[PDB]
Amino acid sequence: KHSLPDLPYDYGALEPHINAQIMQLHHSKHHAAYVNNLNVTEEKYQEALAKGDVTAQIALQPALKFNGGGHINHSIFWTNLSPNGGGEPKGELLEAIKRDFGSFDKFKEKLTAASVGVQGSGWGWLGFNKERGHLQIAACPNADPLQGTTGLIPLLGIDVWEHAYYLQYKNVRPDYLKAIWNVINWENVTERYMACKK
């Protein structure tokens, strides 16, 4: 049974960059629904798989990827943020960023561009390409998870679904992106990065 993880901080801990109403709804409503729906979906799948019902298994893919991806993305997202975030990463992560994107500011502009560029619902990601052994930026549609659909290891994710910012930033997604850089938990991003150094 997958479960809803607690936030590492309070709902208003990220004010004024992301207000508490958004954090409260995003976590307790959106994330909560994905976990429960994901559990329901896996259950149906085990039955379909047990019976060898290929048609059912295929019909259940949209729900599994959507709710499963919803669970994966937000679980990472919460840890990607922090009341004491912002600033810049250090050591290896920072050097990697400089190496792969020219500079930290150029990196931010690129991830921002990818996130702002998403048409409809989706996510912007800073991931690690194990095969090439370098950082890479990618955008994912709807709730599709990064690793499961591209193979890249997620390091930092920027949720650009409208529910992630509309109450506060309305249609101006760029304002949301500008603000979120202030709460990025580079300590966590660094840990995820070092995890791929093994």
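One rule holds for the numbers: they count along the sequence shown, beginning at 1.
As listed in the deposited structure, the average C-alpha B-factor of 67-75 and of 108-116 is greater for 108-116.
Here 124-132 and 87-95 are compared by their mean Cα B-factor, and 87-95 comes out higher. When the modelled residues of the chain are ordered by their C-alpha B factor, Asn171 lands in the middle third.
In this PDB entry, the Cα temperature factor of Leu49 sits in the top third of its chain's modelled residues, the highest group.
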